[PDB]
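Listing of start-v1.cif, mmCIF, C-alpha atoms
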```cif
data_structure
loop_
_atom_site.group_PDB
_atom_site.id
_atom_site.type_symbol
_atom_site.label_atom_id
_atom_site.label_comp_id
_atom_site.auth_asym_id
_atom_site.auth_seq_id
_atom_site.Cartn_x
_atom_site.Cartn_y
_atom_site.Cartn_z
ATOM 1 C CA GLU A 148 0.000 0.000 0.000
ATOM 2 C CA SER A 149 3.028 2.330 0.030
ATOM 3 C CA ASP A 150 6.272 2.258 -1.942
ATOM 4 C CA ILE A 151 9.032 4.320 -0.253
ATOM 5 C CA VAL A 152 12.267 5.291 -2.008
ATOM 6 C CA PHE A 153 15.175 6.865 -0.127
ATOM 7 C CA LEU A 154 17.495 9.103 -2.182
ATOM 8 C CA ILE A 155 20.614 9.761 -0.112
ATOM 9 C CA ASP A 156 23.245 12.421 -0.773
ATOM 10 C CA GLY A 157 26.707 10.850 -0.815
ATOM 11 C CA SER A 158 28.676 13.782 -2.206
ATOM 12 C CA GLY A 159 32.054 14.679 -0.730
ATOM 13 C CA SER A 160 30.440 17.667 0.991
ATOM 14 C CA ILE A 161 28.634 15.187 3.283
ATOM 15 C CA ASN A 162 31.110 14.375 6.033
ATOM 16 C CA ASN A 163 31.436 10.817 7.298
ATOM 17 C CA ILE A 164 29.433 11.453 10.466
ATOM 18 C CA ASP A 165 26.499 12.742 8.423
ATOM 19 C CA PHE A 166 26.567 9.884 5.905
ATOM 20 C CA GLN A 167 26.351 7.369 8.771
ATOM 21 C CA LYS A 168 23.395 9.348 10.154
ATOM 22 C CA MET A 169 21.701 8.881 6.787
ATOM 23 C CA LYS A 170 22.201 5.121 7.045
ATOM 24 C CA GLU A 171 20.827 5.031 10.600
ATOM 25 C CA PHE A 172 17.813 7.161 9.681
ATOM 26 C CA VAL A 173 16.993 4.940 6.695
ATOM 27 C CA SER A 174 17.416 1.859 8.840
ATOM 28 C CA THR A 175 15.146 3.111 11.610
ATOM 29 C CA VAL A 176 12.389 3.967 9.131
ATOM 30 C CA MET A 177 12.507 0.517 7.516
ATOM 31 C CA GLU A 178 12.480 -1.236 10.910
ATOM 32 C CA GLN A 179 9.359 0.689 11.865
ATOM 33 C CA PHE A 180 7.431 -0.387 8.750
ATOM 34 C CA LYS A 181 8.488 -4.017 9.241
ATOM 35 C CA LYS A 182 5.076 -5.405 10.281
ATOM 36 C CA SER A 183 3.431 -3.619 7.325
ATOM 37 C CA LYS A 184 3.077 -4.154 3.582
ATOM 38 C CA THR A 185 5.448 -1.302 2.790
ATOM 39 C CA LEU A 186 8.209 -1.903 0.252
ATOM 40 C CA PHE A 187 11.510 -0.046 0.112
ATOM 41 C CA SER A 188 14.101 0.932 -2.487
ATOM 42 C CA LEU A 189 17.253 3.043 -2.123
ATOM 43 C CA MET A 190 19.491 5.027 -4.479
ATOM 44 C CA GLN A 191 22.585 6.986 -3.546
ATOM 45 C CA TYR A 192 23.610 9.908 -5.731
ATOM 46 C CA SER A 193 26.541 12.284 -6.163
ATOM 47 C CA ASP A 194 27.633 12.916 -9.763
ATOM 48 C CA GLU A 195 26.704 9.219 -10.358
ATOM 49 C CA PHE A 196 23.700 7.116 -9.367
ATOM 50 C CA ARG A 197 23.850 3.738 -7.603
ATOM 51 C CA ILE A 198 20.664 1.747 -7.041
ATOM 52 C CA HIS A 199 21.515 -0.106 -3.827
ATOM 53 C CA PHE A 200 18.247 -2.026 -3.864
ATOM 54 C CA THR A 201 14.979 -2.042 -5.804
ATOM 55 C CA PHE A 202 11.469 -2.746 -4.562
ATOM 56 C CA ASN A 203 11.899 -6.255 -6.012
ATOM 57 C CA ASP A 204 15.146 -6.735 -4.088
ATOM 58 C CA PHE A 205 13.425 -5.778 -0.825
ATOM 59 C CA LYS A 206 10.499 -8.088 -1.625
ATOM 60 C CA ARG A 207 12.849 -11.061 -1.841
ATOM 61 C CA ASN A 208 14.761 -10.156 1.358
ATOM 62 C CA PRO A 209 13.166 -7.396 3.540
ATOM 63 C CA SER A 210 16.098 -7.119 5.945
ATOM 64 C CA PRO A 211 17.143 -3.509 6.622
ATOM 65 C CA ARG A 212 20.516 -4.604 7.946
ATOM 66 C CA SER A 213 21.188 -6.848 4.945
ATOM 67 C CA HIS A 214 20.587 -4.047 2.454
ATOM 68 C CA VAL A 215 21.704 -0.901 4.313
ATOM 69 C CA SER A 216 24.801 -2.017 6.236
ATOM 70 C CA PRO A 217 27.238 -2.448 3.277
ATOM 71 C CA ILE A 218 26.397 0.954 1.736
ATOM 72 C CA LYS A 219 29.607 2.956 1.196
ATOM 73 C CA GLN A 220 29.822 6.678 0.429
ATOM 74 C CA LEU A 221 30.399 7.524 -3.230
ATOM 75 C CA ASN A 222 31.796 11.080 -2.942
ATOM 76 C CA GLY A 223 31.736 13.553 -5.860
ATOM 77 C CA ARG A 224 29.428 16.435 -6.767
ATOM 78 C CA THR A 225 25.695 16.703 -5.858
ATOM 79 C CA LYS A 226 23.135 16.044 -8.629
ATOM 80 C CA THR A 227 19.957 16.127 -6.574
ATOM 81 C CA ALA A 228 17.541 17.062 -9.386
ATOM 82 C CA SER A 229 18.762 14.357 -11.751
ATOM 83 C CA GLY A 230 18.513 12.074 -8.758
ATOM 84 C CA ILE A 231 14.862 12.976 -8.420
ATOM 85 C CA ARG A 232 14.237 12.386 -12.132
ATOM 86 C CA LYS A 233 15.836 8.943 -12.049
ATOM 87 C CA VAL A 234 13.709 7.989 -9.047
ATOM 88 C CA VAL A 235 10.390 8.862 -10.642
ATOM 89 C CA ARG A 236 11.270 7.409 -14.062
ATOM 90 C CA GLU A 237 13.074 4.199 -13.028
ATOM 91 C CA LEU A 238 12.588 3.194 -9.384
ATOM 92 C CA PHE A 239 8.864 4.016 -9.459
ATOM 93 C CA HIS A 240 8.321 1.649 -12.395
ATOM 94 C CA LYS A 241 6.815 -1.846 -12.282
ATOM 95 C CA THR A 242 9.979 -3.333 -13.782
ATOM 96 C CA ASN A 243 11.738 -2.500 -10.479
ATOM 97 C CA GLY A 244 8.823 -3.813 -8.390
ATOM 98 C CA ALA A 245 6.749 -0.649 -7.954
ATOM 99 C CA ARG A 246 3.089 -1.450 -7.326
ATOM 100 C CA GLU A 247 0.453 0.541 -9.147
ATOM 101 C CA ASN A 248 -2.107 1.940 -6.682
ATOM 102 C CA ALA A 249 0.516 2.126 -3.896
ATOM 103 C CA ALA A 250 1.206 5.549 -2.450
ATOM 104 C CA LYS A 251 4.533 6.769 -3.872
ATOM 105 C CA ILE A 252 6.840 8.432 -1.304
ATOM 106 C CA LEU A 253 10.387 9.718 -1.857
ATOM 107 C CA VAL A 254 12.590 10.726 1.069
ATOM 108 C CA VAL A 255 15.544 12.840 -0.110
ATOM 109 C CA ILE A 256 18.337 13.201 2.493
ATOM 110 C CA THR A 257 20.748 16.005 1.606
ATOM 111 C CA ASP A 258 22.604 19.072 2.892
ATOM 112 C CA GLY A 259 20.656 21.179 0.394
ATOM 113 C CA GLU A 260 23.608 22.183 -1.831
ATOM 114 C CA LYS A 261 23.016 21.038 -5.394
ATOM 115 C CA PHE A 262 26.197 21.453 -7.467
ATOM 116 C CA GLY A 263 27.082 20.108 -10.915
ATOM 117 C CA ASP A 264 23.546 19.117 -11.926
ATOM 118 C CA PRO A 265 22.617 19.988 -15.541
ATOM 119 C CA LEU A 266 18.966 19.814 -14.346
ATOM 120 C CA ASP A 267 17.346 22.459 -12.162
ATOM 121 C CA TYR A 268 14.568 21.530 -9.776
ATOM 122 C CA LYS A 269 12.058 23.095 -12.202
ATOM 123 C CA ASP A 270 12.851 20.273 -14.644
ATOM 124 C CA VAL A 271 12.049 17.374 -12.297
ATOM 125 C CA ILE A 272 9.684 18.482 -9.522
ATOM 126 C CA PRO A 273 6.537 19.127 -11.649
ATOM 127 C CA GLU A 274 7.064 15.706 -13.236
ATOM 128 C CA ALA A 275 7.321 14.115 -9.798
ATOM 129 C CA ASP A 276 4.043 15.826 -8.917
ATOM 130 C CA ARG A 277 2.385 14.431 -12.047
ATOM 131 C CA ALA A 278 3.443 10.941 -10.978
ATOM 132 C CA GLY A 279 1.982 10.392 -7.619
ATOM 133 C CA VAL A 280 5.206 11.193 -5.728
ATOM 134 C CA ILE A 281 4.981 12.713 -2.234
ATOM 135 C CA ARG A 282 8.388 14.155 -1.290
ATOM 136 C CA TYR A 283 9.873 14.369 2.207
ATOM 137 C CA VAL A 284 13.200 16.182 2.686
ATOM 138 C CA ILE A 285 15.613 15.409 5.528
ATOM 139 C CA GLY A 286 18.303 18.042 5.962
ATOM 140 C CA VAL A 287 21.791 17.284 7.255
ATOM 141 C CA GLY A 288 24.792 19.415 8.063
ATOM 142 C CA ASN A 289 24.470 23.111 7.338
ATOM 143 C CA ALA A 290 21.211 22.860 5.394
ATOM 144 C CA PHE A 291 19.080 24.856 7.797
ATOM 145 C CA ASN A 292 21.656 27.641 8.363
ATOM 146 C CA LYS A 293 21.950 29.311 4.897
ATOM 147 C CA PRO A 294 19.099 30.857 2.875
ATOM 148 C CA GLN A 295 20.067 29.011 -0.304
ATOM 149 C CA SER A 296 20.066 25.519 1.187
ATOM 150 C CA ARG A 297 16.864 26.239 3.147
ATOM 151 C CA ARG A 298 15.253 27.258 -0.140
ATOM 152 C CA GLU A 299 16.489 24.058 -1.695
ATOM 153 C CA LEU A 300 14.765 21.927 0.951
ATOM 154 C CA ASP A 301 11.559 23.906 0.478
ATOM 155 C CA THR A 302 11.703 23.410 -3.305
ATOM 156 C CA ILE A 303 12.035 19.629 -3.009
ATOM 157 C CA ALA A 304 9.383 19.135 -0.355
ATOM 158 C CA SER A 305 5.754 18.484 -1.110
ATOM 159 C CA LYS A 306 3.307 20.994 0.268
ATOM 160 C CA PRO A 307 2.709 22.178 3.034
ATOM 161 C CA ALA A 308 6.487 21.921 3.271
ATOM 162 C CA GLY A 309 6.350 22.102 7.080
ATOM 163 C CA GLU A 310 4.713 18.634 7.117
ATOM 164 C CA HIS A 311 7.439 17.365 4.768
ATOM 165 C CA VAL A 312 10.793 19.032 5.816
ATOM 166 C CA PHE A 313 12.615 17.632 8.876
ATOM 167 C CA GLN A 314 16.094 17.310 10.380
ATOM 168 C CA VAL A 315 17.939 14.007 10.432
ATOM 169 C CA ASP A 316 18.570 13.911 14.218
ATOM 170 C CA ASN A 317 14.908 14.076 15.354
ATOM 171 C CA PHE A 318 12.192 11.420 15.163
ATOM 172 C CA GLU A 319 9.769 14.043 13.783
ATOM 173 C CA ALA A 320 10.174 12.826 10.195
ATOM 174 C CA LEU A 321 9.365 9.231 11.099
ATOM 175 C CA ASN A 322 6.511 10.325 13.358
ATOM 176 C CA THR A 323 4.832 12.336 10.604
ATOM 177 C CA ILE A 324 5.396 9.558 8.055
ATOM 178 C CA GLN A 325 3.892 6.890 10.329
ATOM 179 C CA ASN A 326 0.866 9.064 11.095
ATOM 180 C CA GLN A 327 0.254 9.796 7.407
ATOM 181 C CA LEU A 328 0.331 6.087 6.402
ATOM 182 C CA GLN B 2 -4.579 32.307 24.320
ATOM 183 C CA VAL B 3 -1.514 32.212 22.038
ATOM 184 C CA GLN B 4 -0.156 35.714 21.409
ATOM 185 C CA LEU B 5 2.841 37.123 19.536
ATOM 186 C CA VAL B 6 2.703 40.898 19.778
ATOM 187 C CA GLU B 7 5.053 43.083 17.751
ATOM 188 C CA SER B 8 5.966 46.615 18.903
ATOM 189 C CA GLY B 9 8.714 49.102 18.211
ATOM 190 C CA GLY B 10 7.721 49.697 14.594
ATOM 191 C CA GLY B 11 7.169 53.089 13.060
ATOM 192 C CA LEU B 12 8.925 55.695 10.968
ATOM 193 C CA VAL B 13 12.697 56.171 10.884
ATOM 194 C CA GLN B 14 15.028 57.921 8.472
ATOM 195 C CA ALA B 15 17.512 56.074 6.281
ATOM 196 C CA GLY B 16 20.672 55.161 8.150
ATOM 197 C CA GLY B 17 18.631 55.039 11.343
ATOM 198 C CA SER B 18 17.990 52.104 13.641
ATOM 199 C CA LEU B 19 14.939 50.504 15.258
ATOM 200 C CA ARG B 20 14.488 47.809 17.893
ATOM 201 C CA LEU B 21 11.444 45.590 17.445
ATOM 202 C CA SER B 22 10.020 43.631 20.347
ATOM 203 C CA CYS B 23 7.915 40.481 20.144
ATOM 204 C CA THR B 24 6.235 39.949 23.512
ATOM 205 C CA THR B 25 4.803 36.444 23.714
ATOM 206 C CA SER B 26 2.312 34.685 25.966
ATOM 207 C CA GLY B 27 0.049 31.658 25.866
ATOM 208 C CA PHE B 28 2.640 28.980 25.117
ATOM 209 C CA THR B 29 5.745 27.655 26.781
ATOM 210 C CA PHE B 30 8.354 30.097 25.451
ATOM 211 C CA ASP B 31 11.299 27.772 25.744
ATOM 212 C CA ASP B 32 9.563 25.155 23.515
ATOM 213 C CA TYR B 33 9.665 27.443 20.434
ATOM 214 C CA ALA B 34 12.250 29.041 18.189
ATOM 215 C CA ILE B 35 11.207 32.623 17.377
ATOM 216 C CA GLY B 36 11.818 34.436 14.104
ATOM 217 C CA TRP B 37 11.088 37.630 12.194
ATOM 218 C CA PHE B 38 9.565 37.694 8.666
ATOM 219 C CA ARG B 39 8.460 40.637 6.532
ATOM 220 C CA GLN B 40 6.219 41.604 3.622
ATOM 221 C CA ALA B 41 5.502 44.904 1.917
ATOM 222 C CA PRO B 42 2.431 45.091 -0.393
ATOM 223 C CA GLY B 43 3.410 44.047 -3.898
ATOM 224 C CA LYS B 44 6.623 42.376 -2.781
ATOM 225 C CA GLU B 45 7.707 38.869 -2.033
ATOM 226 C CA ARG B 46 7.790 37.679 1.566
ATOM 227 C CA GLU B 47 11.167 37.135 3.162
ATOM 228 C CA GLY B 48 12.471 35.372 6.173
ATOM 229 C CA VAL B 49 14.679 37.698 8.205
ATOM 230 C CA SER B 50 15.953 35.984 11.316
ATOM 231 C CA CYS B 51 15.462 33.208 13.849
ATOM 232 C CA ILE B 52 16.783 32.306 17.300
ATOM 233 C CA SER B 53 16.750 28.844 18.889
ATOM 234 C CA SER B 54 18.297 27.730 22.182
ATOM 235 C CA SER B 55 19.586 24.512 20.563
ATOM 236 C CA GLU B 56 20.238 25.515 16.930
ATOM 237 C CA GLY B 57 21.512 29.072 17.488
ATOM 238 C CA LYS B 58 20.761 32.080 15.308
ATOM 239 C CA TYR B 59 19.938 32.409 11.618
ATOM 240 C CA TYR B 60 20.028 35.525 9.449
ATOM 241 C CA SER B 61 19.016 36.179 5.866
ATOM 242 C CA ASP B 62 21.510 37.691 3.451
ATOM 243 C CA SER B 63 19.879 41.115 3.744
ATOM 244 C CA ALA B 64 19.946 40.947 7.535
ATOM 245 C CA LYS B 65 23.473 39.617 8.010
ATOM 246 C CA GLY B 66 25.888 42.193 9.425
ATOM 247 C CA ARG B 67 23.224 44.857 10.074
ATOM 248 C CA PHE B 68 20.716 42.989 12.257
ATOM 249 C CA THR B 69 20.953 41.211 15.603
ATOM 250 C CA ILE B 70 18.277 38.927 17.088
ATOM 251 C CA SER B 71 18.277 38.263 20.832
ATOM 252 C CA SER B 72 16.051 36.703 23.463
ATOM 253 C CA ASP B 73 15.194 37.804 26.983
ATOM 254 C CA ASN B 74 14.294 34.372 28.265
ATOM 255 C CA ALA B 75 12.971 35.697 31.563
ATOM 256 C CA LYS B 76 10.390 37.972 29.916
ATOM 257 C CA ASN B 77 9.558 35.687 26.934
ATOM 258 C CA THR B 78 10.473 38.451 24.511
ATOM 259 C CA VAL B 79 12.595 38.413 21.375
ATOM 260 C CA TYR B 80 14.143 41.552 19.964
ATOM 261 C CA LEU B 81 15.336 42.422 16.467
ATOM 262 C CA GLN B 82 17.894 45.211 16.562
ATOM 263 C CA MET B 83 17.961 46.610 13.013
ATOM 264 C CA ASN B 84 20.796 48.993 12.092
ATOM 265 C CA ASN B 85 21.622 50.744 8.818
ATOM 266 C CA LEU B 86 17.970 50.666 7.752
ATOM 267 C CA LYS B 87 17.092 51.518 4.156
ATOM 268 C CA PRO B 88 13.905 52.396 2.248
ATOM 269 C CA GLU B 89 13.893 48.867 0.784
ATOM 270 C CA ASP B 90 13.474 47.487 4.336
ATOM 271 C CA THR B 91 10.025 49.141 4.527
ATOM 272 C CA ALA B 92 7.590 46.292 5.274
ATOM 273 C CA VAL B 93 5.143 44.800 7.755
ATOM 274 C CA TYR B 94 7.357 42.890 10.210
ATOM 275 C CA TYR B 95 5.881 39.717 11.752
ATOM 276 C CA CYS B 96 7.237 37.589 14.464
ATOM 277 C CA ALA B 97 6.564 33.900 14.465
ATOM 278 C CA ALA B 98 7.173 30.827 16.540
ATOM 279 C CA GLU B 99 8.056 27.350 15.330
ATOM 280 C CA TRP B 100 8.262 24.238 17.500
ATOM 281 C CA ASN B 101 11.954 23.992 18.345
ATOM 282 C CA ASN B 102 12.234 20.216 18.387
ATOM 283 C CA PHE B 103 11.830 20.281 14.573
ATOM 284 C CA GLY B 104 15.247 21.886 14.520
ATOM 285 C CA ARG B 105 14.449 23.970 11.448
ATOM 286 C CA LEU B 106 15.364 27.510 12.603
ATOM 287 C CA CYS B 107 11.904 28.976 11.873
ATOM 288 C CA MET B 108 11.494 27.671 8.310
ATOM 289 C CA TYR B 109 7.774 26.873 8.802
ATOM 290 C CA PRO B 110 6.279 28.748 11.772
ATOM 291 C CA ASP B 111 3.278 27.381 13.621
ATOM 292 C CA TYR B 112 2.159 30.795 14.978
ATOM 293 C CA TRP B 113 2.285 34.322 13.608
ATOM 294 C CA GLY B 114 1.725 37.745 15.105
ATOM 295 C CA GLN B 115 -0.478 40.398 13.531
ATOM 296 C CA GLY B 116 2.519 42.285 12.147
ATOM 297 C CA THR B 117 3.577 45.877 12.779
ATOM 298 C CA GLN B 118 4.462 48.569 10.233
ATOM 299 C CA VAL B 119 8.041 49.793 9.721
ATOM 300 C CA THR B 120 8.485 52.715 7.289
ATOM 301 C CA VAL B 121 11.931 53.951 6.216
ATOM 302 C CA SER B 122 12.071 57.375 4.516
ATOM 303 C CA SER B 123 14.968 59.474 3.265
#
```

Give the structure from this file in structure tokens form.
Amino acid sequence: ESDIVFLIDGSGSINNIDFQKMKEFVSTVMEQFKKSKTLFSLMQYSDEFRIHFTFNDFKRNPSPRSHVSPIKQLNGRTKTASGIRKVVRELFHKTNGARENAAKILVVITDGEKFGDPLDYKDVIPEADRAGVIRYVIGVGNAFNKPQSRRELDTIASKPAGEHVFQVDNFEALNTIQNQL
Amino acid sequence: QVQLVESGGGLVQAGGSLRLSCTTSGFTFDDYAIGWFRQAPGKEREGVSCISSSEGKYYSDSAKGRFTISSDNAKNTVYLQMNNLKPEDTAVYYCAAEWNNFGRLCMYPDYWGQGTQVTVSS
């Protein structure tokens, strides 16, 4: 009844402490949906895109520790918008296990500093809206301190953005997501 | 019950300075980060500043270097000291409160005051 993709920022601007906090966040969300019919998929992005597991992969082995523990940081630039496009066009597709009539949810974890992306958010966000894709944004690092990165989290998040933008250290993201599903 | 009451607005010349006050009541003060926002008619809204006991202070690009936000925790009041004011800073200034455990530095306030007018003339 819900298909949840994580899209995690692994650029070199994410320090190692923050990247581990992304893995722990992801893991805690998956553990909490364990007694439910939720399916998960994850992609890491920088200037390249690695699909760590598809919805089909999770179907066959729904172990958060099996899939999330070996994830290693990619480094490189930050192509968040192209990352969003590749999620809606490939990971939310039945070939990768996505169920029609499930609620589509994308959780983008980033420091809010897109760099090196030939796509702007205006090229990918309206398309994600036209697919059924509800977007949550989890900010790490300095994201909430600068006006540009704050704007970036607002631009990604579905609306009202205050029910979709959260910080990685709190449980508020997972509390809102549980309550909405 | 919940109140966020701006004062200290009014007319000042360019180069001048004003101190806004946001006196609050009706909620536990320490549970909220408090910020200032502004809007003139015909102009886009802007965040200005925010203060949180856990996340520190935040300033917009226009505010940074000129403006100082502070909190009198005993009186549940937040001040915005605004120096080097300009005619382009003419706007209705609102204070706002956002639940601090979100950790967002006032990005999406839960409560808003009525706003008070600030006019900057040459």

Write out as a PDB file with C-alpha atoms, in the frame of the given file every residue belonging to chain B that has an atom at most 9 Å from any atom of chain A, counting all atoms listed in the file.
```
ATOM      1  CA  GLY B  48      12.471  35.372   6.173  1.00  0.00           C
ATOM      2  CA  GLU B  56      20.238  25.515  16.930  1.00  0.00           C
ATOM      3  CA  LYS B  58      20.761  32.080  15.308  1.00  0.00           C
ATOM      4  CA  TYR B  59      19.938  32.409  11.618  1.00  0.00           C
ATOM      5  CA  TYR B  60      20.028  35.525   9.449  1.00  0.00           C
ATOM      6  CA  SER B  61      19.016  36.179   5.866  1.00  0.00           C
ATOM      7  CA  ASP B  62      21.510  37.691   3.451  1.00  0.00           C
ATOM      8  CA  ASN B 102      12.234  20.216  18.387  1.00  0.00           C
ATOM      9  CA  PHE B 103      11.830  20.281  14.573  1.00  0.00           C
ATOM     10  CA  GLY B 104      15.247  21.886  14.520  1.00  0.00           C
ATOM     11  CA  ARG B 105      14.449  23.970  11.448  1.00  0.00           C
ATOM     12  CA  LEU B 106      15.364  27.510  12.603  1.00  0.00           C
ATOM     13  CA  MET B 108      11.494  27.671   8.310  1.00  0.00           C
ATOM     14  CA  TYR B 109       7.774  26.873   8.802  1.00  0.00           C
ATOM     15  CA  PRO B 110       6.279  28.748  11.772  1.00  0.00           C
ATOM     16  CA  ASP B 111       3.278  27.381  13.621  1.00  0.00           C
TER      17      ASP B 111
END
```

For range 194-298 of chain A versus range 184-188 of chain A, which residues have an atom no more than 7 Å away, and what is each residue's nearest atom pair and distance in Å rounded to one decimal, using only C-alpha atoms, chain-then-number order, as a Markdown table?
```
| residue | atom | partner | partner_atom | distance |
| --- | --- | --- | --- | --- |
| A:200 | CA | A:188 | CA | 5.3 |
| A:201 | CA | A:188 | CA | 4.5 |
| A:202 | CA | A:188 | CA | 5.0 |
| A:205 | CA | A:187 | CA | 6.1 |
| A:206 | CA | A:186 | CA | 6.9 |
```

- [ ] Can you give me, as a PyMOL selection string, the residues this file yields under the PyMOL selection byres ((chain B and resi 26) around 8)?
- [x] chain B and resi 2-5+24-25+27-30+77

Task: Output of the PyMOL selection byres ((chain A and resi 198) around 12), listed as JSON, numbers by chain - done: {"A": [152, 153, 154, 155, 187, 188, 189, 190, 191, 192, 195, 196, 197, 199, 200, 201, 202, 203, 204, 214, 215, 218, 221, 230, 233, 234, 237, 238, 243]}

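The space between CA of residue 208 in chain A and CA of residue 325 in chain A spans 22.1 Å.
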
Open item on the list: Between B:41, B:9, B:73, B:88, which residue has the minimum interatomic distance to residue 54 in chain B, considering only C-alpha atoms?
Closed with: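 Of the candidates, the smallest distance to residue 54 in chain B is held by B:73.
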
TODO: Please write the residues picked by the PyMOL selection byres ((chain A and resi 250-258) around 7) on this file as a ChimeraX atom specification.
DONE: /A:148-156,169,248-249,259-260,279-290

Open item on the list: Could you list, as a list in words, every residue within 8 Å of residue 229 in chain A, counting only C-alpha atoms and ignoring same-chain residues fewer than 2 positions away?
Closed with: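 Near residue 229 in chain A, the qualifying residues are residues 226, 227, 231, 232, 233, 264, 265, 266 and 271 of chain A.
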
- [ ] Go ahead and compute the interatomic distance for CA of residue 52 in chain B and CA of residue 22 in chain B, in Å to one decimal.
- [x]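 We find that CA of residue 52 in chain B and CA of residue 22 in chain B lie 13.5 Å from each other.
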